Structure formats: structure tokens, C-alpha cells
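S.K.:
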Amino acid sequence: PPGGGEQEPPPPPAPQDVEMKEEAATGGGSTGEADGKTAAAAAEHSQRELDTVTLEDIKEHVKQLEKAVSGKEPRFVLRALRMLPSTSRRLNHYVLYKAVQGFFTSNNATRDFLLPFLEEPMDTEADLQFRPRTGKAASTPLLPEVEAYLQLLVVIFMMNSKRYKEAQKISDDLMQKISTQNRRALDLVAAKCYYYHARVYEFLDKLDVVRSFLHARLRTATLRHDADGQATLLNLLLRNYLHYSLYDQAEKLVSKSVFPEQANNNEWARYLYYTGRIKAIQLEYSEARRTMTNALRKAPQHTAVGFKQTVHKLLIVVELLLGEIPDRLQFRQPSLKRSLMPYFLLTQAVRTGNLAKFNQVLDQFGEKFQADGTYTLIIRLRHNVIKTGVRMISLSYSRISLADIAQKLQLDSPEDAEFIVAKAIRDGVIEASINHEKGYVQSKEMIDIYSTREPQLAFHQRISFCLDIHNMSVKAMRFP
Amino acid sequence: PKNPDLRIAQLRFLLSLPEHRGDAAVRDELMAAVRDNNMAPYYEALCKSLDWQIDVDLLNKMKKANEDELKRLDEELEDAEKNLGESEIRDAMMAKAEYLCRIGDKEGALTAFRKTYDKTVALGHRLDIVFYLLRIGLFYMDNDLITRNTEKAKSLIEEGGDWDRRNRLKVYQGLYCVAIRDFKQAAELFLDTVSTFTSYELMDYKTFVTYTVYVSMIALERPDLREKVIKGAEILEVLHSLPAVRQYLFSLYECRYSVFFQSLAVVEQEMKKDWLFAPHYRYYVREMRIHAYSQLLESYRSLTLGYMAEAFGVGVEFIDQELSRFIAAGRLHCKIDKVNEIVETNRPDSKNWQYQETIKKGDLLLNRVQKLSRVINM
Amino acid sequence: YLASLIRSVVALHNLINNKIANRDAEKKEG
Amino acid sequence: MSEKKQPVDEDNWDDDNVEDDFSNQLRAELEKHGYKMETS
Amino acid sequence: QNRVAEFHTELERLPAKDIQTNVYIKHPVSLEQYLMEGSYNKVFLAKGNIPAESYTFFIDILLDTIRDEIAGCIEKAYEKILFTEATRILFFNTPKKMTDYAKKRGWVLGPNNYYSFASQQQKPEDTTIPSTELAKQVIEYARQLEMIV
Amino acid sequence: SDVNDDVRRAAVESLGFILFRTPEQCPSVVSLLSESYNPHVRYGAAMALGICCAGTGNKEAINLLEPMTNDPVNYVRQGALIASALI
Amino acid sequence: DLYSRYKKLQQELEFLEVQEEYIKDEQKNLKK
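Chains as they are written, first to last, in my numbering: chain F, 1 to 480; chain R, 481 to 858; chain U, 859 to 888; chain S, 889 to 928; chain W, 929 to 1077; chain C, 1078 to 1164; chain A, 1165 to 1196.
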């Protein structure tokens, strides 16, 4: 009380007011945009949703006593908002419920009274007119309730708040959907609630009911219109299958599902990581590494997000598999710098033909290699080491004997030296030929590029692609 | 007061980082420790070499009586005599500043520099203050304040001067040779070497000759390199003074690879006795090794290693594994053959190399324009 | 191949200047 | 902006190349020159 | 079945049952490791090593799916080899198996010499097939340097 | 497409004879044709706006014809004054 | 009012598909 009690009056009063005016003016701005000019493509629905991800999760984490988050439910318990005097009667109440809470105390939450703070706010003459207002005011208690992590009759209060909000979501898409279109708001609320519906299960069990409900919501979607609804519901259906053992259900999912080319640079980073993980495991490597690259160079405007740490983590693993030497010292950035020691030590022994060190690196860091999720190297790196040595010789030399390469690769068998290079040419490691007479392994023809149409094939991929950059940039720029 | 200080930091570096080299570095620096009133910057030299020795309290009361005499001198100057700007007050303040550099730590010196820098309205005094930061910034290898005062000199001071700046042309290349920037910028500004008298502003002239000649072979291969290192006059005399360096250039120019093999090893054992050779011991060798191979593999497309057994040096299998490490490095565009003993090169014809230069600079720009194109459009 | 490079930077710059002028007239009209 | 993941957190001029440290075999060039000559 | 894509996508449901124990699963992933390294000899020395049964119908399809690739790898621009090359590339000391390649395919044993048929064609001369399709590629550029009009 | 100015007038003057039943399209198509480069297409757009909307207070046609009477070409001012008199 | 709006959304669609056509056509002849 002498030390921290003086710092108790300054935190409530001004952030209680300035946050409430922002969400009410935007909530009033969402109202006028819902009432007229529903073309809200560049409107404040996005930036307010960009606020609700960032600010409300890093500013407040508890229910904010002296009536800041706990006081919004007795503030919003008495709302009708139907007729123009009835709204102005409620507009009289908006000033009065803030003035009493701003002066004095009104109604306190003691972490148990969530049932009077969720039914009577849904009740007491509420309507269907202000649907994002009812959508946000039901989703705003979802953040501090999970973030408290107290676990004393809290899961069923989460479970009731989900099933209520999911019942409110069905009543919007089916009943009176004329010019409301809250899908830009209701998608991320569906994403954030399922994260909590998974993690709270993941404290205790699995999740199967969350996905059978997710197949139904995707079934009743996908027929109307695809505007980031089908995009975000796809990855939630795909992240769980990648979380468990099965890959076949994800494989048939990624097979036939066309895309709306509209996900606002937030799902494109995520999805191109998942399908790059899928094409890695069914051994389609060249298409995998380029779309693993495409997600990484998409949005580098993140500070230790973990995702940029993870898509970078798999990208150096797969470029070892193609023998395409992922950058031997460029991947120490100030962002990660610590998730490279199990991998800079890995690519060291992969580069040389050493195995006793490579077995030492693998056995020492095997606990790390299982935890992160890339323990699919155990079968795929013994192939890489034995093909790295024959690739280095075929790149350096031009005409080597089979006895000379068999002693160079510490193999001690000049009878399967023909077998290694036969598998090298069959797998496409190097283009060469073996003369089965006395051990002639010759290289290719004299390299001529500029005289056999090869600059045309590279340039034709460039012309048609960069005019497509132009045609996409023309059909985005003009607005009223 | 800051003149015999480039040798001290050599002797501090020579004793500290190698442990085998500890015979003579303790013998003469301990003479420089008891001299010079070196009483703040020696505890890193004292704890890491010897245990302790009692000469400490004697010089501390001498430097305290010297400080308190200089404490009472300039306060009596400012309280009795009234002049501002650049006056008897000013050169007494830099006499305190040159006391804190030679004797004291850097922390008293840096706060006296910033104090007297706003007590200046001329430019030559401000030029000398930035001379003082840049001289102590090289003494204590600070890569932090050199990012400021070099810009503050070139943009706010070095516009009224007239050839009073060649010294910090030599200081910036000294920071460039020690950081990494020893490719083409170091050899460019080391081309003009017209300074013979050595002073506060200049280092040892003999070591400046060795530094300007080790770098003048990496920037330019032979676009008339012989005009600027052989047809010179002031550089030709001082390399005529030294037998090894004059042997080192002639071995590279007349392509005596058997003794250029030896002359590179004599330089490299000499490289350990330096105070800035850290990105040199592992990078200057392999660059000069791959430069000797590259001009040797010119003018020959059917070269044999049976001729390499006597022309370049000796040995057979060492050159084979040496060339194999560099072909697999990505460099030295040539092929090697074992059972025919023909090192057949495949150097491009100034088209296929130029074809690579469009496709490497092209997609590097293309990945830049898409990453630009996705940050925008929400 | 320059026409692929240059003309893509032309219309991209015209996209940036419109998307700056769009959102700034939008954020200051209300 | 979390993406539902986890964070865990010359030599220093932000330099290197592909090898730069791969060779460490005897790496002094006084011996490697000297051993080559005496085997002749 | 020669399903290398399906082989690895099944190996996720076993957490630590591949290395520590469970030789029934360890034996194929040791075998697949042998096919990727390139040691044909290690494949057939372990062919007489099974935990429970003889794996008879599994090794015979494995015997089938290798030799046709070995026959597929030797049917190249090669003209003739002696019996000792089929002693190394192929296997046993004159069984009925070399009759099977002689009755189905060629490889006719004559005067201790096999004869594998081989030829090559020649085509650098056709500028004509990059004449028509290049003319399509140049016009579809100039079609698209305009037409958003 | 055509180059004679008379047929370009009689093309754009024919908008009123075909769209007089719905007055909600004639300001949508004249307003971008009444700012052409030649006076003839600006002329015939002005008469089409008057003969489409006969006697309705539009305030949009009157908005469009307000710069039409402020033009340096004499006869395109004439067609603005008649169309203002018709509306 | 569920059928009278439905034809009006078609006529606003069909006019706008014409109104996007000739302005796109005019831009060719205006370059000439």
C-alpha cells in the first residue's frame, strides 16, 4: 500500500476511456458501413482487427479490476438498440455507465461470476441489428479468460462461451444475412476460439469433435463465396492432421481444393509452409523447396515470431536433401541465432565424408531432432552422405577410374563402384557414363549454352512472369 | 604524449593472445609500464602475465599530485582570469585531455573531449579533437565511435581544410584493413604514399611500406599493375631496401612459382608478429594461393601435372588434392583428370560468364520486387 | 528482358502512390 | 502478430563465405610447404 | 510394390518403434537404407535373414523389382560384354536365370560373348520445331503488351 | 470508331430516344461522353441528356449541364441552353 | 420484395457490362 498502492489510481481511468472510445467509434464506424456502402474493402474493419490481434493481447492480460474489462459486461447488460429514441435512450446510458464506473465502483468480477456476465448480456432485450457488436463483446472475454490460466471451473465457461458464439454464428449466416457480411471478422474469431478449443483439450486430451464440426462449417460454407472463410477453415482442418500421424487426409485435402487468391498476406505465409511440409514427405522435393522459399521471403516484417524461425528451419534441411548446399554461413541472423547449433553442426558433417562425427552429431542432438518435428532425416541423410562424395568427385574430376573412386570413397570394393555411379545417373545426381571395359567413367560434352536455345528458355520464363506482375499491378491500383 | 603508443598496443597484443610468445614482450613493456606514468591501462597486462609487484602505490601518489596540481591550476585560471573560446583555458583543457589519454583511462578522456568540443568555435581545434577520438579509437579498437566521428569530420570539418586530411585517409584504410575492407578500397587509397616524416599523425614508415605492398595485388590482377608497383619511384626505393619484399614481388611478376612458394611462407610466419592480422592468417593465404593458380592456369588449356612437379614446386598428389578442393569450392573454372594427366580447363569465352552475370543479378532483383509486392496490397 | 524488368517497376510505383493517396484521403475524410 | 509458434530466445563484421573454416588440417602453411619439399 | 512415396508417408505412426526395438519394422527401414546407399550385396546377404517366416512372397517381388531395373540399367548404348560382366552385374554361376533372359530378351551367349543391341539417333538440325512454337511465344508477348483495352 | 463529326453526333444523340423510359442511365453515360476532346461529341451528349429526361427535377443533369454552358465553343453552349430549357 | 429486386440486379449487371465495354473500347481509339 505505501509503495505500489500509489501506483494503483493512475492505471484505470485514462486507458479505460481511450480504449472504449476507439472500439465504440469503430463500432459506430462499422455500423454506418454496414448500413450503407457495404464495399468496405479498405475500411477500418481490417485495422481494428489488426488492433485486436496486437494491442489487446499485449496491453491487458487479466480481467483488469477497477472495472475495465470486468465492468464492460454490466455496462452492456442493458442494451436494446432498435428505434431511434430507443438508441438515444441507450446513448444516454452509455454516458451514465461510464460516468459511474469512472467516478466510483459499479460491479466487480471475482473470477466465478461469468455466468451472470454472459447470459443476461445476451439477454435483456438484445437484438440482431448490431451483430459485430455482439460478436466482439462475446469474443472480448475469451482472451483474458484463457490468459489467466487458473483452471477452476473455467473450461466449461469456455465451452459454454464457444457453443453460444457458434450458435450466434449460425444465426447470422442463415437468418437475415442481407448486407451484414461479418466473415472478415468472424473468421479470425473462429480461428482464435479453436486455438483455445484445441489447447485446453491439449492440456488433457485429443480433439475430434472440433474437426467434425469444422467439416460441417466448411460444408455450409464454400457454396456462397470464398473470401478468406474457406482459407482459414482449410488450415485449421490441415494443421490438426499434420499435428497427428496421418498424412493421407491432408494429402487428399491439398489435392483438390482451388483457391480464392485472396487471403491478405497472412494465410499465404502459413499455407505455403504447410503444403511445403506435405510435398516434402511424399518426396516431391524441387516443388517443395521453392514454395518453402516463397513463404519465407513473403513477410520478413516479423520480430522473433517463431514461424519465420521454423520455415527457415525446414528450408535448410530440404536443401541438404537435394545436395543444393544451403548457405554455409549466411543463416546466422540476429533474429534466431540459437536454433542453428543443431543444424550448423549438422551441415558440417554432411558436407564432409565423415561418419563417426556425423553419428556423434546425430546421437547427441537426437532429442532436439525429435522435439522440433524433423526426425524424418534418419532415413534420408544416409542417402545424402554417400551421394555427396560421388557428386563432389564428378564435379571436380572429368575422367576417373572405378578403382580410383572406390579407394577415394573409403569403400574397399571396386565391384560396386559401377553400382554407385549407375544409381547416380539413374537418380540424376550427375550426367555421366561408364564404359564397362576397363573402368572409364567419362564426363559430359563440351558445355555450350548460348548456341542451343538455352538463354531463350530462361528468358521466356522471365518475360511472361514479369508482365503478369504488371497485369496484377494494373488491376489493383485504381479506386474512387 | 600519444606518439609511442602504436608500439604499446602491439606489445600488449603480442603478449596476450599467444601464450608461447612471452619471452621479450614482458621484458620491454615492463620497462614501459614503470615509465610513461602508465597507471590506469595496465591491470589487463598485469593480471594476465604476472602475479603482482609493488611499484603501484608510488606512481599513484605521483599521478594524484600531478592531477591535483593540474586540478588547482585550471580552476585558478578560470576563477581569476576571464577569457573564453580558444585561449589559455582551452589548451589547458586539452593538456588535461592528453593527460587522460597517456596516463588515465578512456572514460575520463571521452567525457573531457565532449566537454571541450562545445568549447570550440574554430575548425582546426575541432579537427584536432576528432584526431584525438580517432587516435584513441584505434588504440582501443572501438568500432562504435568510429561510426560517428569519421562522419562528423568529413561532413562538418573537412570542407575548409587543405591537405591536412591525408593522415585520416591513412587511418580509415587502417580501419578498413582490420575490419575486412581489404579488397579494392584498401589498395586504392594506399596508392599515394608521399609521407616520409613520421609524427603523431603517422605510423612507422617501414611497416607502412609492407602494408601498401601486400594489398596492391588483390584489387587489380594485371591492368598495368606493373606501372604502379614496379615503375614507381618512392615505393620502388623502399622495397629495394627490403630483400624479402623485393623477392616477393619478383616471384609473383616473373612467375618464379618455386620461390613464390617459399616467399609466401616467410611472410606468413611474419604475419603472427602483427597487431591487426586477425582476418589475414586464414584469408590472405588462400586468396594469394588461388591467385597464383589462376594466372598459372591462364595461357594453358592442356596443362599437365607432370610439368607441375618441377615448375610450380615439387610433389604430385598434393597439387591434385589442392586443385580438387578449389574446383569443388566453386572457384577456378577448370576441370581435372587423373588417368590422362591433363588438367583441361573450360574457361568461358566472355559470353557464358556474362550470361551468368545477368541471371545472378536478375533473380536477385526479382526476389526483391516480389517481396516488395507482397508487403503492400495489405 | 529489360522490358520485363522496367515496366513492372513502372506500374508498381503507380500502385504505391495511389494506395498512399487513397488511404490518406480515407483516414482524413472522417 | 503471433503465428501460433514459439521463440527460443572477420568474425563479427557479419562476414563469411562458403568454406572459411572447413579446412583445419595443419592450416599454418609453414609445415604444409615444408612437408611437401622434403618428400621430394 | 515400388512405392517409395507411400513408404515414407506411413512412417509417422510409430514414435520410437524404429530404432530402439521392433525388428519387424527395423528390417524394412534397414533394407530401404541399403537401396539408397547403393549396396546390392548387403540386400541379398540379409535376404536370408528374417525374424518370423521366410518372407517368401515379399522377397520374390523384391527379387523381381530389382532385376528389371538392373536389366533397365544395362540396356543402354552398350554393344557387347563377356560372361564375367554378367557374373558381376547379374549373379549366379550359370543358372536357368540367364536362360530366362535369353528366352525372353536377347543377351545371346555365342562364343563366350553376349550381344546387347544398341543405337543412337541425331537431332541438332531442327530449327523448325523452335520456329513454329517460338513464333507463338513472340506473338503472345505482343498480344499481352496491350489488351487490357 | 467513325471519323465524321455528324454521324458521331447522331450516334450520341440517339441515347435519349432509346433510354427515355429509364432516367437512371442517361446521366451515367453522358457524363463521361460530355468531356470528350471534340465539341461535337460534347454537343450531342448535351442534347441527349435533355431529350432523355423530359420533365423531372434531376439536379444531376443540371449539375452536368452547368459546365456545358461555360465552354469557349459557341454552339456547344447553344445545346446546353436548350437542354437546360427542356429539363 | 424478393423477386422485384432480383430482376433489377440483373439490369444493373447488364448495363454495367455494357458500360465497361465501350469505355474500354474508347481507350483504343483515343490512343489513335
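Ideal placement from N, C-alpha and C gives every residue a C-beta, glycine not left out.
Using a Cβ cut-off of 7 angstroms, which residues of the stretch 624-648 of chain R contact any Cβ in chain F, in chain order?
M.R.: For the stretch 624-648 of chain R, which is checked against every Cβ of chain F, not one residue is closer than 7 angstroms.
S.K.: Would you kindly check if the distance between the Cβ of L237 (chain F) and the Cβ of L214 (chain F) is under 8 angstroms?
M.R.: Cβ distance < 8 angstroms, so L214 (chain F) and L237 (chain F) count as in contact.
S.K.: In this structure, what does DSSP give as the bridge partners for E509 (chain R)?
M.R.: In DSSP, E509 (chain R) forms no bridge with anything.
S.K.: From R:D535, R:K599 and R:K551, pick the residue whose C-alpha is nearest to that of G565 (chain R); which is it?
M.R.: Nearest of R:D535, R:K599 and R:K551 to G565 (chain R), Cα basis: R:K599.
S.K.: For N359 (chain F), go through chain W and note every residue whose CB falls closer than 7 angstroms to its CB, in chain order.
M.R.: Residues of chain W passing the Cβ test: none, with the nearest at roughly 13 angstroms.
S.K.: For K169 (chain F), does the count of other Cβ atoms within 10 angstroms reach 16, so buried, or fall short, so exposed?
M.R.: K169 (chain F) comes out buried.
S.K.: In the DSSP assignment, what residue or residues form a beta bridge with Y440 (chain F)?
M.R.: F:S401 and F:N435, per the DSSP bridge assignment.
S.K.: What distance in whole Å lies between the Cβ atoms of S245 (chain F) and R995 (chain W), which are believed to be in contact at a cut-off of 8 angstroms?
M.R.: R995 (chain W) to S245 (chain F), Cβ: 35 angstroms. No contact.
S.K.: Shortest alpha-carbon distance to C657 (chain R) belongs to which of S:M925, S:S890, S:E898 and S:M889?
M.R.: It is S:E898.
S.K.: Taking the C-alpha atoms as reference points, what is the distance between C527 (chain R) and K664 (chain R)?
M.R.: Roughly 41 angstroms separates the two Cα atoms.
S.K.: Report yes or no: is there a C-beta of chain E within less than 8 angstroms of the C-beta of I698 (chain R)?
M.R.: Absent from the structure: chain E. Protein chains present are F, R, U, S, W, C and A.
S.K.: Does the beta carbon of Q665 (chain R) sit closer than 8 angstroms to a beta carbon anywhere in chain S?
M.R.: For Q665 (chain R), the answer is no, since every Cβ of chain S falls outside 8 angstroms of its Cβ.
S.K.: With distance defined between alpha-carbon atoms, name the residue in R:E837, R:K840, R:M858 and R:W755 nearest to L497 (chain R).
M.R.: Ranking the options by Cα distance to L497 (chain R), first place goes to R:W755.
S.K.: Nearest by alpha-carbon distance to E418 (chain F): which of W:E938, W:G966, W:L1062 and W:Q948 is it?
M.R.: The shortest C-alpha separation from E418 (chain F) is found at W:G966.
S.K.: Tell me, please, which residues DSSP counts as bridged to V823 (chain R).
M.R.: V823 (chain R) is bridged to R:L783.
S.K.: I'd like to know whether the C-beta atoms of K63 (chain F) and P144 (chain F) end up nearer to each other than 8 angstroms.
M.R.: Yes. Within cutoff.
S.K.: In chain order, what residues of the same chain have a beta carbon less than 6 angstroms from the beta carbon of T38 (chain F), not counting five sequence neighbours either side?
M.R.: Excluding residues within five positions, the ones whose Cβ falls inside 6 angstroms are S179.
S.K.: So, under 8 angstroms CB-CB, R399 (chain F) and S443 (chain F) are touching, yes? Tell me the CB distance rounded to an integer number of Å.
M.R.: That belief holds up - the Cβ atoms of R399 (chain F) and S443 (chain F) are roughly 6 angstroms apart, short of 8 angstroms.
S.K.: What does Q894 (chain S) touch in chain F if you count any residue whose Cβ is under 9 angstroms from its own?
M.R.: Those within 9 angstroms of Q894 (chain S) in chain F are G306, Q309 and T310.
S.K.: Below 8 angstroms between beta carbons is the criterion; list the residues of the stretch 829-843 of chain R that meet it against any residue of chain F, in chain order.
M.R.: Taking 8 angstroms as the Cβ-Cβ cut-off against chain F, the residues of the stretch 829-843 of chain R that qualify are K831, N832, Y835, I839 and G842.
S.K.: Can you give me the Cβ contacts of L186 (chain F) inside the same chain, cut-off strictly under 7 angstroms, excluding the 5 residues immediately before and after it?
M.R.: Cβ neighbours of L186 (chain F) beyond the five flanking positions: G135 and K169.
S.K.: I'd like to confirm the pairing. Which residues does DSSP put opposite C814 (chain R) in its beta bridges?
M.R.: Partner(s): R:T825.
S.K.: Only counting runs of 4 or more residues, tell me where the alpha helix (DSSP H) segments fall wholly within the stretch 972-999 of chain W, in order along the chain.
M.R.: Segments of the alpha helix (DSSP H) lying fully in the stretch 972-999 of chain W: there are none.
S.K.: The ligand MG heavy atoms versus the CB of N518 (chain R): any closer than 7 angstroms?
M.R.: Among the ligands in the structure shown, none appear at all, so the ligand MG cannot be discussed.
S.K.: Could you check what DSSP says for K279 (chain F) in three-state terms: helix, strand or coil?
M.R.: Looking at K279 (chain F) - three-state DSSP - the assignment turns out to be helix.
S.K.: Rounded to whole angstroms, what's the CA-CA distance from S394 (chain F) to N977 (chain W)? Just pull it up for me.
M.R.: So the alpha carbons of these two residues sit roughly 36 angstroms apart.
S.K.: Just to confirm, are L1126 (chain C) and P1104 (chain C) a CB contact at a threshold of 8 angstroms?
M.R.: In this structure, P1104 (chain C) lies closer than 8 angstroms to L1126 (chain C) by Cβ.
S.K.: Would you call the stretch 1014-1029 of chain W in contact with the stretch 982-991 of chain W, where contact means no fewer than 3 C-beta pairs closer than 8 angstroms?
M.R.: Touching, no.
S.K.: Beta carbons nearer than 9 angstroms to chain W: which residues of the stretch 244-271 of chain F have them?
M.R.: Taking 9 angstroms as the Cβ-Cβ cut-off against chain W, the residues of the stretch 244-271 of chain F that qualify are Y244, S245, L246, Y247, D248 and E251.
S.K.: Could you check which residue in F:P13, F:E44, F:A14 and F:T310 has the C-alpha nearest to that of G28 (chain F)?
M.R.: Here the closest residue by C-alpha is F:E44.
S.K.: Can you give me the Cβ contacts of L722 (chain R) inside the same chain, cut-off strictly under 6 angstroms, excluding the 5 residues immediately before and after it?
M.R.: For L722 (chain R), where only same-chain residues beyond five positions count, there are no Cβ hits under 6 angstroms.
S.K.: So, are the CB atoms of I987 (chain W) and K970 (chain W) less than 8 angstroms apart?
M.R.: Not closer than 8 angstroms, so no.
S.K.: What three-state label does DSSP hand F1097 (chain C) in the structure shown?
M.R.: Of the three classes helix, strand and coil, the one that applies to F1097 (chain C) here is coil, per DSSP.
S.K.: Is the separation between the beta-carbon of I1164 (chain C) and that of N1135 (chain C) shorter than 8 angstroms?
M.R.: Yes, Cβ-Cβ distance for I1164 (chain C) and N1135 (chain C) is below 8 angstroms.
S.K.: What does a CB cutoff of less than 6 angstroms around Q850 (chain R) pick up in its chain, not counting 5 residues either side in sequence?
M.R.: So no residue of the chain qualifies.
S.K.: So within the stretch 1106-1157 of chain C, which uninterrupted alpha helix (DSSP H) runs reach at least 4 residues, ignoring any that extend past its ends?
M.R.: Correct list: 1116-1129 and 1138-1142.
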